$ cat structure-v2.cif   # mmCIF, N, CA, C and O atoms and all ligand atoms
data_my_file
#
loop_
_atom_site.label_atom_id
_atom_site.label_comp_id
_atom_site.auth_asym_id
_atom_site.auth_seq_id
_atom_site.Cartn_x
_atom_site.Cartn_y
_atom_site.Cartn_z
N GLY L 1 29.23 -12.55 12.07
CA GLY L 1 28.16 -11.54 12.21
C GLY L 1 26.98 -12.08 13.00
O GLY L 1 26.70 -13.29 12.98
N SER L 2 26.28 -11.20 13.70
CA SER L 2 25.14 -11.58 14.53
C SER L 2 23.84 -11.35 13.76
O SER L 2 23.86 -10.91 12.61
N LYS L 3 22.71 -11.65 14.39
CA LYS L 3 21.40 -11.43 13.76
C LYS L 3 21.14 -9.92 13.62
O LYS L 3 20.61 -9.30 14.54
N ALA L 4 21.51 -9.39 12.46
CA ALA L 4 21.41 -7.95 12.19
C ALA L 4 20.20 -7.65 11.33
O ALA L 4 20.14 -8.06 10.16
N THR L 5 19.22 -6.94 11.89
CA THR L 5 17.98 -6.60 11.18
C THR L 5 18.14 -5.30 10.40
O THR L 5 17.26 -4.90 9.64
N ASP L 6 19.29 -4.63 10.57
CA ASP L 6 19.55 -3.36 9.90
C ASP L 6 19.32 -3.50 8.41
O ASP L 6 19.94 -4.33 7.74
N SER L 7 18.42 -2.70 7.88
CA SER L 7 18.05 -2.74 6.47
C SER L 7 18.92 -1.77 5.66
O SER L 7 19.41 -0.77 6.21
N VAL L 8 19.11 -2.05 4.38
CA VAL L 8 19.95 -1.22 3.52
C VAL L 8 19.29 0.11 3.26
O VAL L 8 18.48 0.25 2.35
N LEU L 9 19.61 1.10 4.10
CA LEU L 9 19.09 2.46 3.94
C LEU L 9 20.12 3.34 3.27
O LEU L 9 19.78 4.42 2.73
N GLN L 10 21.38 2.92 3.28
CA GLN L 10 22.47 3.66 2.66
C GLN L 10 22.37 3.57 1.13
O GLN L 10 22.20 2.48 0.57
N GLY L 11 22.47 4.71 0.46
CA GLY L 11 22.41 4.74 -0.99
C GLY L 11 22.09 6.12 -1.51
O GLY L 11 22.10 7.10 -0.76
N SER L 12 21.73 6.19 -2.79
CA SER L 12 21.42 7.46 -3.45
C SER L 12 20.01 7.94 -3.06
O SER L 12 19.69 9.13 -3.20
N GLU L 13 19.21 7.02 -2.55
CA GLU L 13 17.82 7.30 -2.19
C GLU L 13 17.68 7.64 -0.71
O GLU L 13 16.65 7.35 -0.09
N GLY L 14 18.72 8.26 -0.15
CA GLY L 14 18.65 8.72 1.22
C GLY L 14 17.88 10.02 1.32
O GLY L 14 18.38 11.04 1.81
N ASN L 15 16.65 9.99 0.83
CA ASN L 15 15.76 11.16 0.85
C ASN L 15 15.03 11.25 2.19
O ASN L 15 15.15 10.35 3.03
N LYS L 16 14.27 12.32 2.37
CA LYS L 16 13.65 12.61 3.65
C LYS L 16 12.26 11.97 3.78
O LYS L 16 11.60 12.14 4.78
N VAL L 17 11.86 11.25 2.73
CA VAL L 17 10.60 10.48 2.75
C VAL L 17 10.76 9.21 1.90
O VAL L 17 11.65 9.13 1.07
N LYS L 18 9.90 8.24 2.16
CA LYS L 18 9.84 7.02 1.36
C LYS L 18 8.67 7.10 0.38
O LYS L 18 7.54 7.40 0.76
N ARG L 19 8.97 6.85 -0.89
CA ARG L 19 7.95 6.88 -1.93
C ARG L 19 6.96 5.73 -1.77
O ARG L 19 7.15 4.83 -0.94
N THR L 20 5.90 5.76 -2.58
CA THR L 20 4.86 4.74 -2.56
C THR L 20 5.11 3.72 -3.67
O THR L 20 5.54 4.08 -4.76
N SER L 21 4.87 2.46 -3.38
CA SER L 21 5.13 1.38 -4.33
C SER L 21 4.40 1.62 -5.66
O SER L 21 3.18 1.76 -5.68
N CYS L 22 5.17 1.69 -6.75
CA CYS L 22 4.63 1.75 -8.09
C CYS L 22 3.67 0.58 -8.29
O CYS L 22 4.14 -0.56 -8.42
N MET L 23 2.38 0.84 -8.23
CA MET L 23 1.37 -0.21 -8.37
C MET L 23 1.63 -1.08 -9.59
O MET L 23 1.27 -2.26 -9.63
N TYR L 24 2.26 -0.51 -10.61
CA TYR L 24 2.62 -1.26 -11.80
C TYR L 24 4.04 -1.81 -11.70
O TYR L 24 4.41 -2.74 -12.43
N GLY L 25 4.83 -1.23 -10.81
CA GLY L 25 6.22 -1.66 -10.63
C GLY L 25 7.05 -1.40 -11.85
O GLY L 25 7.07 -0.28 -12.36
N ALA L 26 7.71 -2.44 -12.34
CA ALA L 26 8.55 -2.34 -13.53
C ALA L 26 7.72 -2.40 -14.81
O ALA L 26 8.26 -2.34 -15.92
N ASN L 27 6.41 -2.52 -14.64
CA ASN L 27 5.50 -2.65 -15.77
C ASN L 27 4.93 -1.29 -16.18
O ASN L 27 4.25 -1.18 -17.21
N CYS L 28 5.22 -0.26 -15.39
CA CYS L 28 4.79 1.09 -15.75
C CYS L 28 5.66 1.64 -16.87
O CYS L 28 6.89 1.62 -16.81
N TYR L 29 4.99 2.13 -17.94
CA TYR L 29 5.68 2.60 -19.13
C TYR L 29 6.18 4.04 -18.94
O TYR L 29 6.71 4.66 -19.87
N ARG L 30 5.98 4.57 -17.74
CA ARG L 30 6.52 5.88 -17.38
C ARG L 30 7.93 5.71 -16.82
O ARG L 30 8.12 5.08 -15.77
N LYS L 31 8.92 6.25 -17.52
CA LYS L 31 10.33 6.14 -17.13
C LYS L 31 10.90 7.52 -16.84
O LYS L 31 12.08 7.69 -16.53
N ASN L 32 10.02 8.52 -16.93
CA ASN L 32 10.34 9.87 -16.55
C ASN L 32 10.66 9.93 -15.04
O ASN L 32 9.95 9.30 -14.25
N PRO L 33 11.72 10.66 -14.63
CA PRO L 33 12.20 10.68 -13.24
C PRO L 33 11.10 11.03 -12.25
O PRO L 33 11.13 10.58 -11.10
N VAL L 34 10.12 11.81 -12.70
CA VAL L 34 9.02 12.21 -11.85
C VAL L 34 8.23 10.99 -11.39
O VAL L 34 7.80 10.91 -10.24
N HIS L 35 8.08 10.00 -12.28
CA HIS L 35 7.37 8.77 -11.92
C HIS L 35 8.03 8.09 -10.71
O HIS L 35 7.37 7.40 -9.92
N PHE L 36 9.34 8.29 -10.59
CA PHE L 36 10.14 7.66 -9.53
C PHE L 36 10.27 8.54 -8.29
O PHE L 36 10.61 8.06 -7.20
N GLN L 37 10.00 9.85 -8.45
CA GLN L 37 10.19 10.79 -7.33
C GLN L 37 9.07 10.65 -6.31
O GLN L 37 9.20 11.05 -5.15
N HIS L 38 7.93 10.06 -6.72
CA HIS L 38 6.82 9.80 -5.78
C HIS L 38 6.47 8.30 -5.73
O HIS L 38 5.78 7.87 -4.81
N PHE L 39 6.94 7.52 -6.71
CA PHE L 39 6.76 6.05 -6.66
C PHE L 39 8.10 5.31 -6.69
O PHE L 39 8.99 5.65 -7.47
N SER L 40 8.22 4.30 -5.85
CA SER L 40 9.41 3.45 -5.84
C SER L 40 9.20 2.24 -6.73
O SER L 40 8.07 1.77 -6.90
N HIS L 41 10.28 1.74 -7.31
CA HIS L 41 10.21 0.64 -8.27
C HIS L 41 11.11 -0.53 -7.85
O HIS L 41 12.00 -0.34 -7.02
N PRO L 42 10.87 -1.75 -8.38
CA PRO L 42 11.66 -2.94 -8.02
C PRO L 42 13.13 -2.74 -8.34
O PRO L 42 13.58 -2.97 -9.47
N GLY L 43 13.87 -2.28 -7.34
CA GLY L 43 15.29 -2.01 -7.47
C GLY L 43 15.66 -0.80 -6.65
O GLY L 43 16.84 -0.54 -6.40
N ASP L 44 14.64 -0.08 -6.22
CA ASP L 44 14.80 1.10 -5.38
C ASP L 44 14.92 0.70 -3.91
O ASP L 44 14.30 -0.27 -3.47
N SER L 45 15.71 1.46 -3.17
CA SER L 45 15.87 1.24 -1.73
C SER L 45 14.56 1.56 -1.01
O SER L 45 14.27 1.00 0.05
N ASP L 46 13.78 2.43 -1.62
CA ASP L 46 12.51 2.88 -1.03
C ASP L 46 11.38 1.93 -1.39
O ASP L 46 10.26 2.09 -0.90
N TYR L 47 11.68 0.94 -2.22
CA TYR L 47 10.66 0.00 -2.66
C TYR L 47 10.37 -1.02 -1.57
O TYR L 47 11.29 -1.51 -0.90
N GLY L 48 9.09 -1.33 -1.38
CA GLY L 48 8.68 -2.31 -0.40
C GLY L 48 7.72 -3.32 -1.00
O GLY L 48 7.93 -4.54 -0.87
N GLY L 49 6.67 -2.82 -1.67
CA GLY L 49 5.72 -3.68 -2.33
C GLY L 49 4.79 -4.39 -1.36
O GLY L 49 4.05 -5.30 -1.76
N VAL L 50 4.84 -4.01 -0.09
CA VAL L 50 3.96 -4.60 0.93
C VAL L 50 2.70 -3.80 1.11
O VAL L 50 1.79 -4.21 1.86
N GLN L 51 2.64 -2.65 0.45
CA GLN L 51 1.46 -1.77 0.45
C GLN L 51 0.41 -2.32 -0.48
O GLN L 51 0.73 -2.98 -1.48
N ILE L 52 -0.86 -2.05 -0.16
CA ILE L 52 -1.96 -2.45 -1.02
C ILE L 52 -1.71 -1.98 -2.48
O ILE L 52 -1.88 -2.74 -3.42
N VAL L 53 -1.27 -0.73 -2.60
CA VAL L 53 -0.82 -0.23 -3.88
C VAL L 53 0.55 -0.81 -4.17
O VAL L 53 1.57 -0.32 -3.69
N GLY L 54 0.56 -1.91 -4.94
CA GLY L 54 1.79 -2.63 -5.22
C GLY L 54 1.60 -4.13 -5.16
O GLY L 54 2.29 -4.87 -5.88
N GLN L 55 0.71 -4.58 -4.30
CA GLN L 55 0.42 -6.00 -4.16
C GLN L 55 -1.03 -6.30 -4.59
O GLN L 55 -1.25 -7.20 -5.42
N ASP L 56 -1.97 -5.54 -4.06
CA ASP L 56 -3.40 -5.72 -4.36
C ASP L 56 -4.24 -4.78 -3.50
O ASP L 56 -3.94 -4.59 -2.33
N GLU L 57 -5.29 -4.23 -4.08
CA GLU L 57 -6.11 -3.23 -3.41
C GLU L 57 -7.55 -3.74 -3.22
O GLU L 57 -8.36 -3.11 -2.53
N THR L 58 -7.87 -4.87 -3.85
CA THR L 58 -9.26 -5.31 -3.95
C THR L 58 -9.58 -6.46 -3.03
O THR L 58 -10.59 -6.41 -2.32
N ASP L 59 -8.76 -7.49 -3.07
CA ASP L 59 -9.03 -8.73 -2.37
C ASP L 59 -10.22 -9.46 -2.99
O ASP L 59 -10.08 -10.55 -3.54
N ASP L 60 -11.40 -8.84 -2.91
CA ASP L 60 -12.63 -9.41 -3.46
C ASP L 60 -13.68 -8.33 -3.75
O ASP L 60 -14.54 -8.50 -4.62
N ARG L 61 -13.61 -7.20 -3.04
CA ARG L 61 -14.69 -6.20 -3.05
C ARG L 61 -14.16 -4.82 -2.61
O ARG L 61 -13.02 -4.72 -2.16
N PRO L 62 -14.97 -3.74 -2.75
CA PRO L 62 -14.58 -2.41 -2.28
C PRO L 62 -14.35 -2.38 -0.77
O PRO L 62 -14.95 -3.17 -0.04
N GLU L 63 -13.48 -1.49 -0.31
CA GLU L 63 -13.14 -1.41 1.12
C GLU L 63 -14.11 -0.49 1.86
O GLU L 63 -14.55 0.54 1.33
N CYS L 64 -14.46 -0.87 3.08
CA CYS L 64 -15.36 -0.08 3.92
C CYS L 64 -14.66 1.24 4.29
O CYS L 64 -13.61 1.22 4.91
N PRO L 65 -15.27 2.40 3.94
CA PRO L 65 -14.63 3.71 4.11
C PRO L 65 -14.39 4.04 5.60
O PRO L 65 -13.70 5.00 5.94
N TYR L 66 -14.97 3.24 6.48
CA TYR L 66 -14.84 3.43 7.93
C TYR L 66 -13.88 2.41 8.53
O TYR L 66 -13.58 2.46 9.73
N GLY L 67 -13.38 1.49 7.71
CA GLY L 67 -12.50 0.44 8.21
C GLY L 67 -13.22 -0.56 9.09
O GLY L 67 -14.43 -0.74 8.95
N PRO L 68 -12.52 -1.20 10.04
CA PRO L 68 -13.14 -2.14 10.98
C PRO L 68 -13.91 -1.39 12.08
O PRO L 68 -14.67 -1.98 12.83
N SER L 69 -13.69 -0.07 12.14
CA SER L 69 -14.42 0.80 13.06
C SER L 69 -15.75 1.22 12.45
O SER L 69 -16.46 2.08 12.99
N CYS L 70 -16.08 0.62 11.32
CA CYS L 70 -17.34 0.89 10.65
C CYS L 70 -18.52 0.55 11.55
O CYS L 70 -18.71 -0.59 11.94
N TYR L 71 -19.31 1.56 11.89
CA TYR L 71 -20.46 1.42 12.76
C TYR L 71 -21.74 1.36 11.94
O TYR L 71 -22.83 1.40 12.48
N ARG L 72 -21.58 1.20 10.64
CA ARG L 72 -22.71 1.05 9.74
C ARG L 72 -23.43 -0.26 10.02
O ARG L 72 -22.88 -1.35 9.76
N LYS L 73 -24.62 -0.17 10.58
CA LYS L 73 -25.37 -1.33 11.06
C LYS L 73 -26.17 -1.95 9.92
O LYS L 73 -27.33 -1.59 9.69
N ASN L 74 -25.54 -2.85 9.17
CA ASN L 74 -26.21 -3.57 8.08
C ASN L 74 -25.37 -4.76 7.62
O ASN L 74 -24.19 -4.59 7.29
N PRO L 75 -25.96 -5.96 7.59
CA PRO L 75 -25.23 -7.16 7.18
C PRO L 75 -24.82 -7.10 5.72
O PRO L 75 -23.74 -7.56 5.35
N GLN L 76 -25.66 -6.49 4.88
CA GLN L 76 -25.36 -6.37 3.47
C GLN L 76 -24.14 -5.50 3.25
O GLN L 76 -23.30 -5.78 2.41
N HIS L 77 -24.03 -4.45 4.06
CA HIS L 77 -22.89 -3.53 3.98
C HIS L 77 -21.58 -4.30 4.18
O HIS L 77 -20.66 -4.20 3.38
N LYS L 78 -21.55 -5.07 5.24
CA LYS L 78 -20.42 -5.94 5.58
C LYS L 78 -20.13 -6.96 4.46
O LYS L 78 -19.02 -7.47 4.34
N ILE L 79 -21.15 -7.25 3.66
CA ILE L 79 -21.02 -8.20 2.55
C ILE L 79 -20.37 -7.51 1.34
O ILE L 79 -19.55 -8.11 0.64
N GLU L 80 -20.71 -6.24 1.14
CA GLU L 80 -20.27 -5.54 -0.05
C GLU L 80 -18.86 -4.95 0.13
O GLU L 80 -18.07 -4.92 -0.80
N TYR L 81 -18.56 -4.53 1.35
CA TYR L 81 -17.31 -3.84 1.65
C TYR L 81 -16.37 -4.70 2.46
O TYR L 81 -16.82 -5.61 3.18
N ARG L 82 -15.08 -4.45 2.37
CA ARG L 82 -14.08 -5.13 3.19
C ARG L 82 -13.85 -4.32 4.46
O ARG L 82 -13.46 -3.15 4.39
N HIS L 83 -14.10 -4.92 5.61
CA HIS L 83 -13.78 -4.28 6.88
C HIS L 83 -12.39 -4.71 7.32
O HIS L 83 -12.22 -5.59 8.15
N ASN L 84 -11.41 -4.07 6.69
CA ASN L 84 -10.00 -4.43 6.81
C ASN L 84 -9.53 -4.26 8.22
O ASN L 84 -9.32 -3.13 8.67
N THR L 85 -9.34 -5.36 8.92
CA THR L 85 -8.86 -5.33 10.27
C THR L 85 -7.33 -5.36 10.24
O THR L 85 -6.73 -6.10 9.46
N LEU L 86 -6.73 -4.56 11.09
CA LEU L 86 -5.28 -4.41 11.09
C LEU L 86 -4.65 -5.09 12.31
O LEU L 86 -5.24 -5.13 13.38
N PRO L 87 -3.44 -5.67 12.12
CA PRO L 87 -2.73 -6.38 13.19
C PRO L 87 -2.38 -5.44 14.36
O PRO L 87 -2.56 -5.83 15.51
N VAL L 88 -1.89 -4.24 14.03
CA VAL L 88 -1.45 -3.24 15.02
C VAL L 88 -0.67 -3.91 16.17
O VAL L 88 -0.59 -3.40 17.28
N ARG L 89 -0.02 -5.04 15.86
CA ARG L 89 0.64 -5.85 16.87
C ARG L 89 2.10 -5.43 17.01
O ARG L 89 2.66 -4.86 16.07
N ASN L 90 2.71 -5.73 18.14
CA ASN L 90 4.12 -5.42 18.34
C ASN L 90 4.92 -6.71 18.51
O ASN L 90 5.21 -7.15 19.63
N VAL L 91 5.22 -7.34 17.39
CA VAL L 91 5.98 -8.60 17.35
C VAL L 91 7.30 -8.43 16.62
O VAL L 91 7.54 -7.41 15.97
ZN ZN L 101 6.42 2.84 -12.11
ZN ZN L 102 -18.48 -0.84 7.11
#

$ encode --input "structure-v2.cif" --output "structure tokens"
Amino acid sequence: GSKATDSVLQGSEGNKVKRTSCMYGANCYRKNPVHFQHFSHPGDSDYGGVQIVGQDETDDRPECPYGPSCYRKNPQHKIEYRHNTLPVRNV
């Protein structure tokens, strides 16, 4: 076999959208199917866990509502909020 990046998309979860990582994962005491219809869990094909919701949302402080495009001119603002810069790279 060659270097195949093809990810396991085949399965019962061949739905038309990908759910959001259960921020609690397997630690959520909700086992009702609805909990899984919008959140993916550790074992789901739709699970990724690379989202802030699933790994961490805080880092250290609240996030700047304007992102890195925040034009709010204040050093204290930059101190209180996270100006989350994104890779947006094609590697
Ligand atoms: Zn859950
Ligand atoms: Zn800002």

$ select_by_dssp --input "structure-v2.cif" --residues "chain L" --states "strand (DSSP E)" --output "number ranges by chain"
L: 20-21, 39-40

$ select_by_dssp --input "structure-v2.cif" --residues "chain L" --states "alpha helix (DSSP H)" --output "PyMOL selection string"
chain L and resi 33-38+52-55+75-80

$ closest_atom_pairs --input "structure-v2.cif" --of "chain L" --to "ligand ZN 101 (chain L)" --cutoff "8 Å" --atoms "all atoms listed in the file" --output "CSV"
residue,atom,partner,partner_atom,distance
L:20,O,L:ZN101,ZN,7.5
L:21,C,L:ZN101,ZN,6.9
L:22,CA,L:ZN101,ZN,4.5
L:23,N,L:ZN101,ZN,5.9
L:24,C,L:ZN101,ZN,5.2
L:25,O,L:ZN101,ZN,3.2
L:26,N,L:ZN101,ZN,5.4
L:27,N,L:ZN101,ZN,5.9
L:28,CA,L:ZN101,ZN,4.4
L:29,N,L:ZN101,ZN,6.0
L:30,O,L:ZN101,ZN,4.6
L:31,N,L:ZN101,ZN,6.9
L:32,O,L:ZN101,ZN,7.7
L:35,O,L:ZN101,ZN,5.1
L:36,N,L:ZN101,ZN,6.4
L:39,O,L:ZN101,ZN,6.0
L:40,O,L:ZN101,ZN,5.6
L:41,CA,L:ZN101,ZN,5.8
L:42,N,L:ZN101,ZN,7.4

$ write_last_selection --input "structure-v2.cif" --atoms "N, CA, C and O atoms" --output "mmCIF file, in the coordinates of the input"
data_model
loop_
_atom_site.group_PDB
_atom_site.id
_atom_site.type_symbol
_atom_site.label_atom_id
_atom_site.label_comp_id
_atom_site.auth_asym_id
_atom_site.auth_seq_id
_atom_site.Cartn_x
_atom_site.Cartn_y
_atom_site.Cartn_z
ATOM 1 N N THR L 20 5.900 5.760 -2.580
ATOM 2 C CA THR L 20 4.860 4.740 -2.560
ATOM 3 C C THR L 20 5.110 3.720 -3.670
ATOM 4 O O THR L 20 5.540 4.080 -4.760
ATOM 5 N N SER L 21 4.870 2.460 -3.380
ATOM 6 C CA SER L 21 5.130 1.380 -4.330
ATOM 7 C C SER L 21 4.400 1.620 -5.660
ATOM 8 O O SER L 21 3.180 1.760 -5.680
ATOM 9 N N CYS L 22 5.170 1.690 -6.750
ATOM 10 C CA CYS L 22 4.630 1.750 -8.090
ATOM 11 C C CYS L 22 3.670 0.580 -8.290
ATOM 12 O O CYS L 22 4.140 -0.560 -8.420
ATOM 13 N N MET L 23 2.380 0.840 -8.230
ATOM 14 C CA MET L 23 1.370 -0.210 -8.370
ATOM 15 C C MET L 23 1.630 -1.080 -9.590
ATOM 16 O O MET L 23 1.270 -2.260 -9.630
ATOM 17 N N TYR L 24 2.260 -0.510 -10.610
ATOM 18 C CA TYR L 24 2.620 -1.260 -11.800
ATOM 19 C C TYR L 24 4.040 -1.810 -11.700
ATOM 20 O O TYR L 24 4.410 -2.740 -12.430
ATOM 21 N N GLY L 25 4.830 -1.230 -10.810
ATOM 22 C CA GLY L 25 6.220 -1.660 -10.630
ATOM 23 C C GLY L 25 7.050 -1.400 -11.850
ATOM 24 O O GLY L 25 7.070 -0.280 -12.360
ATOM 25 N N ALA L 26 7.710 -2.440 -12.340
ATOM 26 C CA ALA L 26 8.550 -2.340 -13.530
ATOM 27 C C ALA L 26 7.720 -2.400 -14.810
ATOM 28 O O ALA L 26 8.260 -2.340 -15.920
ATOM 29 N N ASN L 27 6.410 -2.520 -14.640
ATOM 30 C CA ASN L 27 5.500 -2.650 -15.770
ATOM 31 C C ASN L 27 4.930 -1.290 -16.180
ATOM 32 O O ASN L 27 4.250 -1.180 -17.210
ATOM 33 N N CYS L 28 5.220 -0.260 -15.390
ATOM 34 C CA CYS L 28 4.790 1.090 -15.750
ATOM 35 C C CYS L 28 5.660 1.640 -16.870
ATOM 36 O O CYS L 28 6.890 1.620 -16.810
ATOM 37 N N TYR L 29 4.990 2.130 -17.940
ATOM 38 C CA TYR L 29 5.680 2.600 -19.130
ATOM 39 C C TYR L 29 6.180 4.040 -18.940
ATOM 40 O O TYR L 29 6.710 4.660 -19.870
ATOM 41 N N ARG L 30 5.980 4.570 -17.740
ATOM 42 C CA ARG L 30 6.520 5.880 -17.380
ATOM 43 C C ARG L 30 7.930 5.710 -16.820
ATOM 44 O O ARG L 30 8.120 5.080 -15.770
ATOM 45 N N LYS L 31 8.920 6.250 -17.520
ATOM 46 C CA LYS L 31 10.330 6.140 -17.130
ATOM 47 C C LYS L 31 10.900 7.520 -16.840
ATOM 48 O O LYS L 31 12.080 7.690 -16.530
ATOM 49 N N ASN L 32 10.020 8.520 -16.930
ATOM 50 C CA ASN L 32 10.340 9.870 -16.550
ATOM 51 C C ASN L 32 10.660 9.930 -15.040
ATOM 52 O O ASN L 32 9.950 9.300 -14.250
ATOM 53 N N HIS L 35 8.080 10.000 -12.280
ATOM 54 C CA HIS L 35 7.370 8.770 -11.920
ATOM 55 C C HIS L 35 8.030 8.090 -10.710
ATOM 56 O O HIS L 35 7.370 7.400 -9.920
ATOM 57 N N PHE L 36 9.340 8.290 -10.590
ATOM 58 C CA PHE L 36 10.140 7.660 -9.530
ATOM 59 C C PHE L 36 10.270 8.540 -8.290
ATOM 60 O O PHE L 36 10.610 8.060 -7.200
ATOM 61 N N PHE L 39 6.940 7.520 -6.710
ATOM 62 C CA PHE L 39 6.760 6.050 -6.660
ATOM 63 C C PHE L 39 8.100 5.310 -6.690
ATOM 64 O O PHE L 39 8.990 5.650 -7.470
ATOM 65 N N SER L 40 8.220 4.300 -5.850
ATOM 66 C CA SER L 40 9.410 3.450 -5.840
ATOM 67 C C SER L 40 9.200 2.240 -6.730
ATOM 68 O O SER L 40 8.070 1.770 -6.900
ATOM 69 N N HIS L 41 10.280 1.740 -7.310
ATOM 70 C CA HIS L 41 10.210 0.640 -8.270
ATOM 71 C C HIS L 41 11.110 -0.530 -7.850
ATOM 72 O O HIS L 41 12.000 -0.340 -7.020
ATOM 73 N N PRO L 42 10.870 -1.750 -8.380
ATOM 74 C CA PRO L 42 11.660 -2.940 -8.020
ATOM 75 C C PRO L 42 13.130 -2.740 -8.340
ATOM 76 O O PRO L 42 13.580 -2.970 -9.470
#

$ residues_near_ligand --input "structure-v2.cif" --ligand "ligand ZN 102 (chain L)" --cutoff "8 Å" --atoms "all atoms listed in the file" --output "list in words"
residues 63, 64, 65, 66, 67, 68, 69, 70, 71, 72, 73, 74, 77, 78, 79, 81, 82, 83 and 84 of chain L

$ closest_residue --input "structure-v2.cif" --among "L:44, L:49, L:1, L:38" --to "residue L:13" --atoms "all atoms listed in the file"
L:44

$ atom_distance --input "structure-v2.cif" --atom1 "atom CA of residue L:46" --atom2 "atom O of residue L:5"
14.0 Å

$ atom_distance --input "structure-v2.cif" --atom1 "atom O of residue L:9" --atom2 "atom O of residue L:43"
10.8 Å
